[PDB]
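Protein chains: 4
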Amino acid sequence: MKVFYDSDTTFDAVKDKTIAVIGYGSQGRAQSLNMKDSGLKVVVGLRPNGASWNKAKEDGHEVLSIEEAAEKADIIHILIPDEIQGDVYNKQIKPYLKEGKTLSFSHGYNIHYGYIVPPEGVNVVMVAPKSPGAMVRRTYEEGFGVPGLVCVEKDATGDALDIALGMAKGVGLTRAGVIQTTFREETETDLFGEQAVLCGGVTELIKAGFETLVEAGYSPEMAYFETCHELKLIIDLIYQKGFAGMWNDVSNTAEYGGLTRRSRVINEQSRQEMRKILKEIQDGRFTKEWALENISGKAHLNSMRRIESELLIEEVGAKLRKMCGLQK
Amino acid sequence: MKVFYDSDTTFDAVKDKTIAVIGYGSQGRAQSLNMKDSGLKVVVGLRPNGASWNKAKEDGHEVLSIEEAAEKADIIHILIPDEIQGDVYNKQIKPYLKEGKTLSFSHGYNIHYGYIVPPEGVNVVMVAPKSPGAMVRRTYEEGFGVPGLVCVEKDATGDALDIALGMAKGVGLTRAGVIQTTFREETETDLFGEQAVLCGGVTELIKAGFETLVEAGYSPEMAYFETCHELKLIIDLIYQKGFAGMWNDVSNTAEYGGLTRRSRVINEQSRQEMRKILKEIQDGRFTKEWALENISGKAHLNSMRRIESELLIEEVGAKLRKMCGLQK
Amino acid sequence: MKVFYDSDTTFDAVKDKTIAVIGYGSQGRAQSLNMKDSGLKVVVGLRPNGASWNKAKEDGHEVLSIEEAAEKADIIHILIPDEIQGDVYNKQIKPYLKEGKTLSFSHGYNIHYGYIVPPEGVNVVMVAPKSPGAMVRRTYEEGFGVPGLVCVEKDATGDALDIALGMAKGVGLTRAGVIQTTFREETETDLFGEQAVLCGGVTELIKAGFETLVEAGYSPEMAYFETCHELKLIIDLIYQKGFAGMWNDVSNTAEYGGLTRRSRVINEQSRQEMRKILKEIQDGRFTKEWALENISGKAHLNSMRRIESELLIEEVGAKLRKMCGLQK
Amino acid sequence: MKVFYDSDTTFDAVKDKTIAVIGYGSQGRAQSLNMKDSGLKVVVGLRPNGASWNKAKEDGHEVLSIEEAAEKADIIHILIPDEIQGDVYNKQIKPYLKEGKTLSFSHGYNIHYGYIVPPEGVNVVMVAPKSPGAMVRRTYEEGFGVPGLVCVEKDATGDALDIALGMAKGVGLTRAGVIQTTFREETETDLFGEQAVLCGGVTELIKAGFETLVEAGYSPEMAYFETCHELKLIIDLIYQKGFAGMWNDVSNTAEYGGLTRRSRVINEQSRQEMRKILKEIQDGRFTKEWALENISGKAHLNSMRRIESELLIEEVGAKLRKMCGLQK
Ligand SMILES: NC(=O)c1ccc[n+]([C@@H]2O[C@H](COP(=O)([O-])OP(=O)(O)OC[C@H]3O[C@@H](n4cnc5c(N)ncnc54)[C@H](OP(=O)(O)O)[C@@H]3O)[C@@H](O)[C@H]2O)c1
Ligand SMILES: NC(=O)c1ccc[n+]([C@@H]2O[C@H](COP(=O)([O-])OP(=O)(O)OC[C@H]3O[C@@H](n4cnc5c(N)ncnc54)[C@H](OP(=O)(O)O)[C@@H]3O)[C@@H](O)[C@H]2O)c1
Ligand SMILES: NC(=O)c1ccc[n+]([C@@H]2O[C@H](COP(=O)([O-])OP(=O)(O)OC[C@H]3O[C@@H](n4cnc5c(N)ncnc54)[C@H](OP(=O)(O)O)[C@@H]3O)[C@@H](O)[C@H]2O)c1
Ligand SMILES: NC(=O)c1ccc[n+]([C@@H]2O[C@H](COP(=O)([O-])OP(=O)(O)OC[C@H]3O[C@@H](n4cnc5c(N)ncnc54)[C@H](OP(=O)(O)O)[C@@H]3O)[C@@H](O)[C@H]2O)c1
Ligand SMILES: [Mg+2]
Ligand SMILES: [Mg+2]
Ligand SMILES: [Mg+2]
Ligand SMILES: [Mg+2]
Ligand SMILES: [Mg+2]
Ligand SMILES: [Mg+2]
Ligand SMILES: [Mg+2]
Ligand SMILES: [Mg+2]
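Those protein sequence lines, which keep their order, are chains A, B, C and D. Position one of the first sequence corresponds to residue 2 (the authors' numbering), numbered consecutively onward. Position one of the second sequence corresponds to residue 2 (the authors' numbering), numbered consecutively onward. Position one of the third sequence corresponds to residue 2 (the authors' numbering), numbered consecutively onward. Position one of the fourth sequence corresponds to residue 2 (the authors' numbering), numbered consecutively onward.
Written out as structure tokens, the structure is:
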């Protein structure tokens with residue numbers, strides 16, 4: 002296990018190579034803007050009737066058609082949603098793949114689960130930032146970066162690891178640290194994390210706490226500040242110092258209450274479920290569920306989106322974030 | 002209930018008829034090679050850019066395009082995977098179906114569940130061997146055959162039962178015995194058998210026994226011989242003599258231990274599940290699940306294939322079968 | 002862990018030695034006939050008022066009285082049922098044991114559990130085939146052999162390991178592979194295997210599946226072919242290629258159904274019982290039960306034998322195996 | 002199903018034949034005394050150092066040694082305890098068995114479970130009274146008889162059914178009715194009956210009722226009369242008229258209370274246990290337990306005998322039966 006950083010990487014194997022960034026969404030716009038910041042030879046490939054095309058053009062980028070970018074570039078960096086990467090690849094990318102070319106991703110989903118089968122003679126690597134695309138850029142602008150994983154699925158030029166290292170440094174991931182792993186290990190840990198802790202866990206944790214107080218009769222305005230707003234100020238301490246830096250800044254009264262009560266909230270029942278969530282990922286049951294959600298038309302997902310927006314927490318949340326000027 | 006054999010069947014209604022065997026896979030190559038052995042007028046219809054096409058050509062068969070074989074033949078025997086039979090039929094078979102033609106299968110899945118709707122005026126029968134395709138041929142080469150079922154879903158020439166009987170004898174199924182049944186009864190018993198006993202049951206049974214000993218600290222090499230390898234030598238006894246022939250050859254110590262302990266392994270809980278497995282088949286819930294696995298891209302199935310290959314039993318299993326020369 | 006084979010064994014330490022095979026039952030007749038095939042100096046010791054005595058005499062063997070064979074031979078190979086070995090040894094074998102002689106078995110039951118206490122100055126080894134006696138011979142006739150374990154409990158001539166190796170090669174076990182272990186490990190794994198998987202497991206598995214379909218209203222004749230007869234053709238694939246060779250020959254429909262349903266048949270409850278079955282063996286509770294079954298007159302065992310023979314599966318099983326000529 | 006009676010049986014096949022009654026216990030003395038009453042040619046075979054020998058001699062019988070009686074008689078009727086019949090048969094009966102002789106029992110235990118294996122050429126029948134031996138005689142003296150079963154396990158003279166019929170009529174069983182059945186069906190129903198209802202059931206039923214009242218504080222003397230003594234006067238009604246004759250003589254208050262409360266005493270739990278008790282008999286588990294009780298020395302049985310005699314019900318029971326003169 003070796004953690005690559007700035008002093009251990011170079012831009013040698015990308016010095017002289019054109020990189021097509023297919024996409025300009027969360028990560029797409031983020032990574033593309035950063036790569037260009039480092040003085041990297043980048044071309045963005047977008048839809049000509051799509052919205053992001055006008056957005057990448059205003060940002061000062063060489064917007065081109067996906068096919069045109071695909072035919073010109075040496076490296077093809079695919080930054081569109083996973084659920085539609087299989088179609089876009091087979092129709093607007095696969096044809097312009099010549100032996101010696103490199104196909105790179107930021108998530109091993111489509112490769113690992115077999116939705117994209119690359120042709121022989123082509124490099125398959127991954128450069129994956131472990132943060133939301135908006136953070137990836139903002140963290141780069143401040144002079145820092147976000148953690149990144151490097152992976153090689155197919156090495157044909159014998160040059161693949163260096164190529165991915167070069168791109169990782171450009172995106173800024175080398176500032177926080179870069180570790181080499183496999184597509185399988187990146188995809189499985191990423192899905193579990195987002196499901197059990199990063200997106201699923203915290204939201205339900207905050208929701209359960211907010212509604213415990215509201216249904217007890219306390220003000221919804223107070224409940225927001227105490228279960229949701231104050232959370233942002235706490236996690237910063239962990240990010241910079243871990244649990245010890247947080248326990249020291251917080252009062253001893255808060256330290257004793259949290260240490261004794263937390264085993265009761267995250268119980269053994271929740272620990273049992275986290276093990277099952279991981280097994281559904283490992284054996285492809287979640288992927289099957291997610292692929293069928295898309296083929297079915299996202300009725301379940303869209304309905305869940307609508308119910309989330311009708312939560313009182315989001316109403317009182319939005320009203321407080323606007324008056325103080327935290328949300329426009 | 003009448004069990005047809007060699008002395009009760011004839012090749013009369015197939016004497017003068019061309020038979021298209023669509024496919025050359027497990028059963029495809031098996032049944033086609035046997036039918037020709039009996040001096041039957043067979044044509045194989047394969048893909049021209051596919052692999053099996055070169056394989057059927059080397060075997061000394063009249064390889065032709067599916068459409069060409071379909072237009073020339075009187076009988077169309079479909080031996081490709083069920084999940085893709087619906088598309089191949091509607092595009093490369095249905096057009097060359099003329100009134101008086103016969104459409105035959107070896108499994109009632111696509112017919113019974115409605116994925117293939119034949120046109121009026123056409124015979125619909127089934128000739129189904131109750132064994133893996135590799136065994137179907139090897140059993141024929143030894144001078145024996147495997148059990149077969151005969152079924153008629155649509156009789157238009159009044160000749161359908163004789164046609165299926167003729168083909169069944171050619172494949173060699175008449176040596177072991179042929180019983181007439183319905184598509185529904187063939188499909189439901191076949192799926193249950195393979196799921197609850199033939200493929201699902203034994204594998205999990207062997208796995209649970211292997212890992213009981215390994216985790217107890219005994220050698221994985223010894224555990225293979227005692228839970229898996231010795232199983233092949235035991236089932237032969239049942240195949241030839243049933244439970245009594247096996248109980249007599251095995252020691253009294255093995256007879257008393259198995260008779261008293263087996264109710265504990267296959268318990269009432271497992272008996273309850275076998276009843277539910279059968280009801281999921283009977284009401285089309287398994288078929289719906291299997292059709293969606295394919296539309297979804299087989300991510301779950303392929304992931305299960307990968308986890309199976311990483312089992313220690315398969316590693317130590319493969320190493321012992323190679324050194325002794327049982328697997329090349 | 003070293004796996005002995007043909008190229009790693011020799012007949013040196015048995016070249017010049019007489020071997021008494023006490024017994025002519027399943028293993029007795031099997032091993033004795035094979036040892037003689039290899040040009041080994043074998044004498045069979047049987048009862049003069051017993052049936053097998055006439056059977057070994059017809060086979061072209063030097064039938065002699067157990068005592069006579071015991072007094073003449075250097076090696077005494079005991080191939081009679083375990084439950085009666087203790088009496089036969091103390092009365093017709095122990096007296097003719099001279100220092101320097103070797104006492105060999107094919108199962109560690111009587112030695113490990115203390116029912117036979119050998120005298121000092123005598124070699125105690127084991128040559129154990131991991132297959133039913135009928136298979137041991139048939140496998141030898143085909144040019145192959147069955148797996149064997151080698152064990153040394155007492156080495157007095159410093160020659161014991163070579164002696165057992167010599168006999169193992171003669172029986173044909175060296176063709177499949179020979180591994181050295183202890184009496185304890187041979188006896189405990191053998192009993193567990195036969196109880197939980199080889200004899201107990203499969204029979205109850207097949208029974209539960211057969212009766213699920215029959216009580217659902219499907220034909221008993223069809224149920225036999227689909228839960229029992231087709232099993233023999235499936236295990237062959239595992240024997241030669243493991244789970245992967247079987248999954249590939251079977252259809253994808255059978256592969257998906259078995260992979261998803263098997264966890265439900267062999268459940269956690271069955272896994273818990275397999276752990277208890279192993280602990281009853283390890284602490285001598287099964288042996289105590291089996292010894293008391295014999296002292297009590299085998300009323301329970303014989304009653305279980307009678308109920309097994311009245312199963313409908315065995316009736317319909319026997320009728321189908323006779324008409325096709327698989328059972329005379 | 003034909004119920005033999007007095008008008009359907011004859012003493013033809015026993016007219017001219019000597020019958021050895023081995024034993025003079027409960028049934029032994031009972032059946033022997035009755036057979037002689039009918040003018041039957043009976044010899045009793047007892048131990049010469051045993052007690053019953055002096056008792057049969059005083060009763061006016063031809064007491065002889067078991068061997069002497071065995072060598073003289075044509076029919077050998079074995080009326081000793083089942084647990085010791087196997088030894089007495091092989092040592093004092095088997096030698097005097099000549100082809101054409103008949104071996105008869107009153108219980109199928111030793112035959113059915115294989116503790117006595119008769120020689121070929123000898124008749125094996127059963128004449129079984131369904132009542133305690135004391136009742137068998139007393140019922141005969143009153144001019145009535147007790148129900149009997151007739152069974153044939155081996156017919157060698159073609160005369161076996163007539164022989165058993167002849168003896169059944171002599172014992173008096175033909176007055177109540179004689180039904181032909183198998184050894185298996187006689188033994189299994191007899192053991193279940195005595196275990197679940199006739200001896201086990203009623204005693205525990207009476208015990209539970211007696212101690213319910215005593216521990217509630219009511220007089221033990223009153224509790225005896227109301228739960229135990231009055232039972233004898235109730236069953237007579239059922240014996241002569243069934244449930245309807247009893248319900249009519251008893252008060253409507255007793256009829257309504259018993260009809261509504263009885264489902265609560267004999268519940269579903271007891272019904273589940275009766276099914277298991279029958280399965281332990283059917284598969285020989287009870288027989289194995291009972292054979293081991295004897296080999297072990299009857300310590301458990303004798304201890305249960307001692308605890309029964311220390312019950313307060315038996316103390317207060319005995320005191321009331323003596324003062325009134327019902328027990329000497
Ligand atoms: N999102 C994260 O924070 C995050 C974190 C780590 C890794 N990743 C991975 O990074 C990759 C990029 O995901 P993302 O969330 O950033 O994507 P995204 O925002 O969901 O995708 C938006 C972009 O995709 C384009 N697009 C959508 N459908 C298209 C189609 N049919 N043809 C062509 N272009 C199409 C859009 O163009 P138009 O304007 O024309 O519609 C737009 O440029 C994924 O593999 C994801 O797993 C994401
Ligand atoms: N497998 C058994 O042991 C078994 C037992 C009883 C009954 N059955 C039944 O027998 C039938 C045959 O199954 P199977 O397992 O033997 O088939 P299979 O081996 O899975 O199918 C392989 C064959 O299908 C061809 N094929 C695949 N996709 C095709 C496509 N899109 N167009 C044209 N040809 C295509 C392949 O040709 P290429 O070389 O060109 O790819 C190859 O010849 C099924 O209905 C099954 O349920 C099977
Ligand atoms: N059976 C297997 O497949 C298997 C697999 C591995 C290991 N083993 C082990 O191999 C050993 C041999 O078992 P086995 O099953 O092959 O034996 P078996 O068939 O049950 O024994 C039959 C033989 O024992 C003789 N015999 C029975 N009672 C006798 C007595 N009182 N005195 C003398 N000879 C007597 C019989 O002679 P008569 O003809 O005179 O009656 C006959 O020759 C055991 O230790 C067993 O655990 C067996
Ligand atoms: N008991 C019933 O009500 C009843 C109901 C139906 C059927 N049966 C069946 O009828 C049969 C007779 O049973 P039972 O209860 O009447 O017998 P039992 O009273 O228990 O046996 C007593 C008799 O057995 C003799 N005896 C005991 N041990 C002996 C030995 N070692 N050698 C020779 N004689 C010996 C005694 O002779 P000594 O005086 O010398 O000791 C005495 O004559 C059994 O098969 C039973 O199952 C009984
Ligand atoms: Mg992530
Ligand atoms: Mg993600
Ligand atoms: Mg099948
Ligand atoms: Mg199938
Ligand atoms: Mg074994
Ligand atoms: Mg064994
Ligand atoms: Mg009785
Ligand atoms: Mg009784």
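All residues carry an ideal CB built from backbone N, CA and C; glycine is no exception.
Problem set entry | Between the CA atoms of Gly218 (chain B) and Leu199 (chain C) - distance to the nearest angstrom | Residue 199 (chain C) sits at position 198 when you count from the first residue of the third sequence. Residue 218 (chain B) sits at position 217 when you count from the first residue of the second sequence. Answer to the nearest angstrom: the Cα atoms are 20 Å apart.
Problem set entry | Residue span of the beta strand (DSSP E) that contains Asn268 (chain C), given as start and end | Taking the third sequence and counting its residues from 1, the one referred to as residue 268 (chain C) is at position 267. It is not in any beta strand (DSSP E) - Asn268 (chain C) carries neither H nor E in the DSSP assignment.
Problem set entry | Those runs of the beta strand (DSSP E) which lie wholly inside the stretch 96 to 158 of chain B and span at least 3 residues | 103 to 106, 124 to 130, 149 to 155
For this session: Return yes when at least one heavy atom of ligand 2 lies under 7 Å from the C-beta of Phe106 (chain B), else no.
Result: Mapped onto the second sequence, residue 106 (chain B) falls at position 105. Yes - ligand 2 has a heavy atom lying nearer than 7 Å to the Cβ of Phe106 (chain B).
For this session: Check whether the Cβ atoms of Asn35 (chain B) and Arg176 (chain B) sit closer than 8 Å, and answer yes or no.
Result: In the second sequence, the residue the question calls residue 35 (chain B) occupies position 34. In the second sequence, the residue the question calls residue 176 (chain B) occupies position 175. No, the Cβ-Cβ distance between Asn35 (chain B) and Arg176 (chain B) is not below 8 Å.
For this session: Name the residue from D:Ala52, D:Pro82, D:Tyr90, D:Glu59 whose alpha carbon lies nearest to the alpha carbon of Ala70 (chain D).
Result: For the purposes of this step, residue 70 (chain D) is identified with residue 69 of the fourth sequence, where counting begins at 1. The shortest Cα separation from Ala70 (chain D) among D:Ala52, D:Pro82, D:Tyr90, D:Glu59 belongs to D:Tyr90.
For this session: Anything in the stretch 293 to 306 of chain B with a Cβ closer than 8 Å to a Cβ of chain A? List those residues in chain order, please.
Result: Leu293, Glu294, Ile296, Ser297, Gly298, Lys299, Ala300, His301, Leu302, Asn303, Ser304, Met305
For this session: Could you check the C-alpha separation between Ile112 (chain A) and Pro49 (chain B) for me, to the nearest Å?
Result: As a working note, residue 112 (chain A) is residue 111 in the first sequence. As a working note, residue 49 (chain B) is residue 48 in the second sequence. When rounded, the distance between both Cα atoms is 29 Å.
Exercise. Going by C-alpha distance, which of A:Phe287, A:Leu166, A:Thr261, A:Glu205 is nearest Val15 (chain A)?
Worked result: The residue given as residue 15 (chain A) occupies position 14 in the first sequence. Among A:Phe287, A:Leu166, A:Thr261, A:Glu205, the Cα nearest to that of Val15 (chain A) belongs to A:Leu166.
Problem set entry | Own chain residues within Cβ distance below 6 Å of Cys229 (chain B), not counting five before or after | Position 228 of the second sequence, counting from 1, holds the residue named residue 229 (chain B). Correct list, in chain order: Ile207.
Problem set entry | Reference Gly26 (chain C), options C:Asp237, C:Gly134, C:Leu312, closest by Cα | Along the third sequence, read from residue 1 onward, the residue named residue 26 (chain C) stands at position 25. The shortest C-alpha separation from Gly26 (chain C) is found at C:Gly134.
Problem set entry | Presumed contact (8 Å Cβ cut-off) between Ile67 (chain C) and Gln196 (chain C), rounded CB distance | Looking up residue 67 (chain C) in the third sequence gives position 66. Looking up residue 196 (chain C) in the third sequence gives position 195. So it is not a contact: roughly 31 Å between Cβ atoms.
Exercise. Closest to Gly101 (chain B) by CA distance: which of B:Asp60, B:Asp156, B:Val151, B:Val251 is it?
Worked result: Counting from 1 along the second sequence, the entry for residue 101 (chain B) is found at position 100. Comparing Cα-Cα distances from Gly101 (chain B) to each of B:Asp60, B:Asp156, B:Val151, B:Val251, the minimum goes to B:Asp156.
For this session: Name, in chain order, the residues that DSSP records as bridge partners for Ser66 (chain D).
Result: Here residue 66 (chain D) corresponds to residue number 65 of the fourth sequence, with the count starting at 1. Beta-bridge pairing links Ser66 (chain D) to D:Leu47.
Exercise. With 8 Å set as the bound, which would you pick, yes or no: does the beta-carbon of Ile85 (chain B) sit closer than that to a beta-carbon of chain A?
Worked result: Indexing the second sequence from 1 puts residue 85 (chain B) at position 84. Answer no: the Cβ-Cβ gap between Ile85 (chain B) and chain A never drops below 8 Å.
For this session: Over the uninterrupted alpha helix (DSSP H) stretch that includes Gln93 (chain B), give me the two end residues.
Result: For the purposes of this step, residue 93 (chain B) is taken as the residue at position 92 of the second sequence. 86 to 93 is the span of the alpha helix (DSSP H), which, as asked, contains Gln93 (chain B).
Exercise. Can you give the Cα-Cα distance for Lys233 (chain A) and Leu260 (chain A), rounded to whole angstroms?
Worked result: Looking up residue 233 (chain A) in the first sequence gives position 232. Looking up residue 260 (chain A) in the first sequence gives position 259. So the two alpha carbons sit approximately 20 Å from each other.
For this session: Could you name the residues that DSSP lists as bridge partners for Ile79 (chain C)?
Result: Walking along the third sequence from the start, residue 79 (chain C) turns up at place 78. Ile79 (chain C) is bridged to C:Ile23.
For this session: Using a Cβ-Cβ cut-off of 8 Å, state whether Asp191 (chain B) counts as contacting chain C.
Result: Position 190 of the second sequence, counting from 1, holds the residue named residue 191 (chain B). Closer than 8 Å to some Cβ of chain C, the Cβ of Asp191 (chain B) qualifies, so yes.
For this session: List the residues that DSSP assigns as beta-bridge partners of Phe5 (chain D).
Result: Position 4 of the fourth sequence, counted from the first residue, corresponds to residue 5 (chain D). Its beta-bridge partners are D:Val179.
Exercise. Any beta-carbon of chain A closer than 8 Å to the one on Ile308 (chain B)?
Worked result: On the second sequence, position 307 is the one that residue 308 (chain B) refers to. Yes, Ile308 (chain B) counts as interfacial toward chain A.
For this session: Measure from the alpha carbon of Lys18 (chain C) to the alpha carbon of each residue in C:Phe244, C:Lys73, C:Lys92, C:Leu150, then state which is nearest.
Result: Here the question's residue 18 (chain C) lines up with position 17 in the third sequence. It is C:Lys73.
Exercise. Taking C-beta to C-beta, are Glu274 (chain B) and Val151 (chain C) nearer than 8 Å?
Worked result: As a working mapping, residue 274 (chain B) is identified with position 273 in the second sequence. As a working mapping, residue 151 (chain C) is identified with position 150 in the third sequence. Result no, Cβ atoms of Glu274 (chain B) and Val151 (chain C) do not sit closer than 8 Å.
Problem set entry | Heavy atom of ligand 8 within 7 Å of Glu290 (chain B) beta-carbon | Counting from 1 along the second sequence, the entry for residue 290 (chain B) is found at position 289. Checking the Cβ of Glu290 (chain B) against ligand 8 gives no.
Exercise. For the stretch 220 to 237 of chain C, which residues have a beta carbon sitting closer than 8 Å to at least one beta carbon of chain B?
Worked result: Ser220, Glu222, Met223, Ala224, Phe226, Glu227, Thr228, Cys229, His230, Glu231, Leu232, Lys233, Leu234, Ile235, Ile236, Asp237
Problem set entry | Any C-beta of chain B under 8 Å from that of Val22 (chain C) | The sequence position of residue 22 (chain C) within the third sequence is 21, counting from 1. For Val22 (chain C), the answer is no, since every Cβ of chain B falls outside 8 Å of its Cβ.
Problem set entry | Which listed residue (A:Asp237, A:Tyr240, A:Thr213) has its alpha carbon closest to that of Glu227 (chain A) | Along the first sequence, read from residue 1 onward, the residue named residue 227 (chain A) stands at position 226. Nearest of A:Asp237, A:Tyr240, A:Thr213 to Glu227 (chain A), Cα basis: A:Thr213.
Problem set entry | Sequence-distant residues of the same chain with beta carbon closer than 8 Å to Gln328 (chain B), five excluded per side | Reading the second sequence from its first residue, position 327 is the one you call residue 328 (chain B). Closer than 8 Å at Cβ, skipping near neighbours: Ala319, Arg322.
Exercise. Cα separation between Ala21 (chain C) and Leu302 (chain D)?
Worked result: The residue given as residue 21 (chain C) occupies position 20 in the third sequence. The residue given as residue 302 (chain D) occupies position 301 in the fourth sequence. Going from the Cα of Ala21 (chain C) to the Cα of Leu302 (chain D) covers about 48 Å.
For this session: Work out the CA separation of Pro120 (chain A) and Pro96 (chain A) for me, nearest whole Å.
Result: Within the first sequence, the letter at position 95 stands for residue 96 (chain A). Within the first sequence, the letter at position 119 stands for residue 120 (chain A). Cα to Cα, the separation comes out at about 10 Å.
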